[PDB]
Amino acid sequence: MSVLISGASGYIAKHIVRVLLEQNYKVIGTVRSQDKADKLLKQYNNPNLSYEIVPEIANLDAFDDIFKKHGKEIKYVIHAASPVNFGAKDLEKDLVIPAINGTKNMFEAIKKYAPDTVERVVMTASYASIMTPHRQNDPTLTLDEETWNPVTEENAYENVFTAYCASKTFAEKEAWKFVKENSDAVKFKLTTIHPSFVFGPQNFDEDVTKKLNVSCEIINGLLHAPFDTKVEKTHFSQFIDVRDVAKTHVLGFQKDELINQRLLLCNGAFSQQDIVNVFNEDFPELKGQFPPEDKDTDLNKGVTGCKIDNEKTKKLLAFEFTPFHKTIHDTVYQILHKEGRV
């Protein structure tokens, strides 16, 4: 019963792999290069961990070799690989295609090589496949676990963000379509996880680099912004802590009540200024080294944008989510401590 995790070098995946190893699972991670496999193996230093090389999830039958090799021992699959970095003017080839093709590739590989062996697939979708991007600030829209981003292929590429959100939406659509079309052929049950913007520390301190992964780069850029930088105080989106996201993925293949569930991971609205306020509150001795405190935010005026109804998700998961102030605090502390400032 090993666990296969797609895209094991990224921000969220490294936490997922940490939780899996905490629970004594045997783990096979997918990474682009031997280069990245070598560094990861030294970071975890755990004999239960191995990596296979998948250079490009969009390519033909990308995951077939893994299942030809380990098909008999893999019992659970976490499909977390999807493009988050991409050329702003290659939205199809860098973003939508690998999102969709990586998902078809993973599911077809299971059907071809382990149809009666793989028991559960937990797929990292996104809050982006549930929400409507241009209605994040609309309090009359309520989102729940059965809501879908209505983006179409025609209007998907309005800008880089709608494109990414469409990439997650189209990929998830294909996953459920595959599941409904192959109920009797393949044995695995699918669970999708839908994080909103994921904040929290990098799994390893050494991965605190000059530029972080996209979601935490939001925090990192605000933390290093000149004191006079204009900070938006208007509602931006929902957040979730990476450690809750990692925990949720692992539960996702363990708990039978999470079968066929879309899990909506949000724990609070925020603006950029709400993040900046944590800097000033929690590290007052650094006041002036980053933009100032301002309590006049949408959030502090009762303004949180579209309504999040994830009561079903919270009941199913049963563990309590990490609050915003702590998530931001831990992100910031790890950066400042790495820099020798606190």
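Note that residue numbering follows the sequence shown and begins at 1.
Of the two stretches examined, 171-179 and 192-200, the record assigns the greater average C-alpha temperature factor to 171-179. Across the two stretches, 181-189 and 72-80, the PDB entry reports the greater mean Cα temperature factor for 181-189.
Out of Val214, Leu95, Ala125, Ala88, it is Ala88 whose C-alpha atom has the highest B-factor in the PDB entry. The entry lists C-alpha B-factors for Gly102, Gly221, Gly252, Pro226, and the highest of these is at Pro226. In the deposited entry, the Cα temperature factor of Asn24 sits in the top third of values across the chain's modelled residues. Among all modelled residues in this chain, the alpha-carbon of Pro139 has a temperature factor (C-alpha) in the middle third. Among the modelled residues of its chain, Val151 has a C-alpha B-factor that falls in the middle third, as given in the PDB entry. Among all modelled residues in this chain, the alpha-carbon of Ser129 has a temperature factor (C-alpha) in the lowest third. Per-chain ranking of the deposited C-alpha B factor places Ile53 in the lowest third.
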